[PDB]
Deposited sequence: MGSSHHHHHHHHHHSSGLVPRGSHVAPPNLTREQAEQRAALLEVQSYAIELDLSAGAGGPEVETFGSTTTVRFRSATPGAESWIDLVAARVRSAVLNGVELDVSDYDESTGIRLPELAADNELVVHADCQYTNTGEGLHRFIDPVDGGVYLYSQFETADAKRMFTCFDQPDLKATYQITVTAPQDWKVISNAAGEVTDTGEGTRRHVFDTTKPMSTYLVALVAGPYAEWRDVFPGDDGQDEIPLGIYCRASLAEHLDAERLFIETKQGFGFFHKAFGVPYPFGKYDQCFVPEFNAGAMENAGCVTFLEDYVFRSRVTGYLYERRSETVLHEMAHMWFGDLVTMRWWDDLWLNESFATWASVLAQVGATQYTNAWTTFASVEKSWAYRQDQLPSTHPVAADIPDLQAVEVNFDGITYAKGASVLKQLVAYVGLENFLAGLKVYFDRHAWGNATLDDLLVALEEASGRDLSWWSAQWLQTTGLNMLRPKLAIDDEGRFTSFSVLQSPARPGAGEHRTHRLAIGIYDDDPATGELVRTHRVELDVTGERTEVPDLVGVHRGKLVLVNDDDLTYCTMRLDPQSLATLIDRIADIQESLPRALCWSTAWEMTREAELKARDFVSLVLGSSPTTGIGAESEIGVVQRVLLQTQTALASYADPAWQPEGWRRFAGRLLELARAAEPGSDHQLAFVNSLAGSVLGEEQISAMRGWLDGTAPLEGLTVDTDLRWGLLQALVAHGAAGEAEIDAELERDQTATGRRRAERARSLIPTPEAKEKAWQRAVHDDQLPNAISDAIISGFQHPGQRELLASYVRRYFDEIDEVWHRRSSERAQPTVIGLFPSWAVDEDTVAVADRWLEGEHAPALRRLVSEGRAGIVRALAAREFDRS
């Protein structure tokens, strides 16, 4: 495929201005077997040239270009190649080009994807075009700053539904096909054009008119999955977003209708094609899941909806602004979740999941500025981008930020814009100087630590208060400007819980900033210098506040300050400032009202329990790890047993046990729940919980390959196959690890997700000794894997098999010795990242036994 460079795109954009595409797709052969390889694609493009007589090109990736006709002249396409496209010599002022080609389906979710379903034989298609794979379906100037209208017409097998960006009309052809004529779209970038086609099950709803017109809504999924799709709940959350964004952005939904389609083998998660959003099928839940998965699905639904304005109505000029596109949609989705849905605690989720991913990534040796240069198409973090964007909102002011956004949307509608265009609208709205701001926040790496320096009188009121900021590390050590809030918490007189008794908001700059507003204010029991989680930083506490956190974290009433305390404790553990055994004690608590057992936010419970298992396996001193896991598994069994029957908390406690190093008593209890002899009342032991408990029994030698085979026969599905592959990898024998290693490293015929699933069961915290010999085999065999497989398939093998299990200096020495060699750069990067994790675990283990 072509590697369109930025300069090439700029040259073409200076020259051309595209009015309209008329696309005709002949998919009548699309319902056959695996051999069907191509479909008919006719494109008519009307565009203008600013220099008559000039030359330019148009992109297309097809097997055969049958006909190309520019302004009525037949072009020579005998020498056509996918990488070169079609040359357009001797351009006129106004041009019309007609191309007839044969484009091919894909098995990679690049371009037009084709997939066939076993349950019923159904054949399902969908487009994935971001970044520049629109050219695999139609002839186009495939770059985001040459917007055009599209009129799409598809002839399809008569039982297929067809969905596109715009609404359409269907006509029976009398030849076993139907013809789908879609309205001309509003102007949009090529990467946002959509086609979804197959025997999809359909549900319909409508969002009523609110200056915003009525919006027709649809939801589509594979026929085989329709029984599991909770369409009513998806439509409620969809309607909640459309009532929110118009008011927040001041601009009504820009397109006519809104379809959301769940599609098979989706690599991308979700994709904001205008009026036709595509979703990964993991968002259709076949088993009982906790409320956190529903929340995360709602966030992604609103993420893609926000892109209808930011991304689709106004689009980046070039892909170096991809970060901003995603970052904004992340912020806007959480804004909408809190403002419009049942997920009112969604900033707690952002602080605990998104921010903690941002920090971890920022502190890697691979760290880079949020706004990287993108010179080409293969040159194409977001967590940090989202985090930094939230701080940009705080610094500008929310009210000013939204006011600037309406200005931006109005000014650039149906057109393109850059980061600088946004920053200018936000400067005009706020009075701030954002030139300085980007240089400090978007072109730098690393984190500042923020902590209070305080003094109190006899009555407990502040006599002085400042915020201390450390240099940005890893990076250039600059001090940033932060708009933050300082929160003071103290006992509630009616309940005894810790509640907020003061907040002040202020600009923090430099190494130290005094807060005169706090002089005379009672210091309470807990001071948070990043209260409301406004800025991106490493927050630290004064001595008394840290003691209160350790003693009474479960007592904090509001979920966001409580989550910020869980985050602080965790990031202190990662950084070797809090002992891994002290994090574990804090999490496990001593009573029904302390520690994570008293945490009401189910997303926090799951995340904190995961981090605790990281602290035990990776950060606890090896001499103490057996006792730590004895404490963890016993506390979790007691929490699962005490939990309310059928509740999310009960399920989360059982799921955490399934990932743990377990003693006999836990194994016996778990066997009883799986086979029914001694069930946990209320616990729904459905298909995916069965796999979870079976995998745990397998990992501890309590179930053999017979039982894996038995569970696979009761769950003969693609998902079941993957969970069965993980279980076979988990078998704690040298023979099973050798087979799994060989299959993951050397079998390229196996499908991608099956290779993924094999690797996912290679590691287990109770099997460290079994895997010792694979530290050396990793570094001996990684170059061969990188050479043999493509980078997309090699990367998950390299990341997933890195021996993060072996926390030892010998592992660092083998990684060091490998780094001394000549290896591909991208591969050195991944080994560097894995090496850094082990270094960090060694420092934590050193601190823990101290």
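- Where C-alpha coordinates are absent, the deposited sequence of this PDB chain has the segments 1-26, 237, 408-414.
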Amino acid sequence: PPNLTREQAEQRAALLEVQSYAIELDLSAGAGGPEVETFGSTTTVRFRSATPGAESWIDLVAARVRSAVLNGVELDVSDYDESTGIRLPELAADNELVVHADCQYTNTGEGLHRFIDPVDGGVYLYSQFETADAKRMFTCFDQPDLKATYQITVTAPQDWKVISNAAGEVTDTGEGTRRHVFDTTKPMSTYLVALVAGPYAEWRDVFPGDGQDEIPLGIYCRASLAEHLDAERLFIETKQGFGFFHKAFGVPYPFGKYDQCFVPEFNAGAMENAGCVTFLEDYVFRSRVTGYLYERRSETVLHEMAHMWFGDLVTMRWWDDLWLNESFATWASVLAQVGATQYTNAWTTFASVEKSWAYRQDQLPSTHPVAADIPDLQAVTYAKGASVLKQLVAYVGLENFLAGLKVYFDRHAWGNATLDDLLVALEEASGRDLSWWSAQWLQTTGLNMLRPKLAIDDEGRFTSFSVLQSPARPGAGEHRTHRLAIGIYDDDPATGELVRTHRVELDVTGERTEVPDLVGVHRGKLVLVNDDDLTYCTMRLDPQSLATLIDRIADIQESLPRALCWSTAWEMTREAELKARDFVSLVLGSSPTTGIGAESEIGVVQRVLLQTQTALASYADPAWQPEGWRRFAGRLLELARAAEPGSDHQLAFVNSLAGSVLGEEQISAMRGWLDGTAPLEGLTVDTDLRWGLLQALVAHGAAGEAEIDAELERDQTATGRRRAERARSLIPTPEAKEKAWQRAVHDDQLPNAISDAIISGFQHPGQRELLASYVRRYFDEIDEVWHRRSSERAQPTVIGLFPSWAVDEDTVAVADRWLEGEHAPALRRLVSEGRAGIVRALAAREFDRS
From here on, numbers count along this sequence of modelled residues.
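- 79-87 and 753-761 differ in mean CA B-factor, and the higher of the two is recorded for 79-87.
- In this entry, the higher average B-factor at the C-alpha atoms falls on 263-271, of the pair 287-295 and 263-271.
- For the set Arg552, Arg743, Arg503, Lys257, the maximum C-alpha B-factor listed in the entry falls on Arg743.
- You'll see in the entry that, of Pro252, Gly646, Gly121, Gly385, the Cα B factor peaks at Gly121.
- Residue-level temperature factors show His113 in the highest third of its chain, judged at the C-alpha atom.
- Ranked by Cα temperature factor within the chain, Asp491 sits in the lowest third according to the deposited record.
- Placement of the Cα temperature factor of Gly243 within the chain: lowest third of the modelled residues, per the deposited record.
- When the modelled residues of the chain are ordered by their C-alpha B factor, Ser668 lands in the highest third.
- In the PDB entry, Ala62 places in the highest third of its chain by CA B-factor.
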